[PDB]
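In: following this: a sequence and the matching experimental structure.
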Amino acid sequence: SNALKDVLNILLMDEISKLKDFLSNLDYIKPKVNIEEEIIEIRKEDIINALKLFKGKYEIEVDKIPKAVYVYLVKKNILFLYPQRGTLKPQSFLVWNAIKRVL
């Protein structure tokens with residue numbers, strides 16, 4: 001049966017719509033990111049640049065991305081942070097696939 005395949009396809013497409021909505025919300029908004037006492041404005045462009053890094057690699061070094069940018073992307077459940085490793089990964093393979101399909 002195609003059933004499990006189709007269920008996964010549901011999950012995959014859904015996450016694509018979700019990521020598209022996330023990214024479209026940035027068109028007229030520059031998020032203000034809170035990091036303790038810091039308040040830092042970031043831009044859609046910066047966010048796209050960081051996510052594009054995940055197009056060819058599942059696991060990305062935090063040193064490639066401004067902290068304000070990846071903190072936002074973690075807060076927003078796009079990425080997970082491994083502080084000890086100094087790396088980030090998509091929060092699921094659905095998120096990864098969506099990045100690769102959309103960016």
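Out: Yep, it's here. Numbers count the residues shown, from 1 in each chain.

In: strands of the chain, residue ranges please.
Out: Under the criterion DSSP state E, strands of the chain are mapped to 32-35, 38-41, 60-61, 79-82, 87-90.

In: so which of the ones you listed is nearest residue 67?
Out: Between residue 67 and the strands of the chain, the tightest spacing by C-beta to C-beta is seen for strand 32-35, at 6.8 Å. The way it works is simple: take the backbone N, C-alpha and C, and place the C-beta from them, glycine included.

In: show me what counts as buried in the closest one.
Out: Within strand 32-35, the residues that count as buried by 16 or more other C-beta atoms under 10 Å are residue 33.

In: in contact with residue 100, which residues?
Out: By C-beta atoms under 8 Å, 6 or more residues apart in numbering, the contact set of residue 100 is 54, 55.

In: sorry, back to before: single out the most deeply packed of the strands of the chain.
Out: strand 87-90 (a mean of 21; mean count of other C-beta atoms under 10 Å).

In: for that one, packing partners?
Out: When contacts are defined as 3 or more C-beta pairs under 8 Å, 6 or more residues apart in numbering; DSSP states H and E, strand 87-90 sits against strand 60-61, helix 67-75, strand 79-82.
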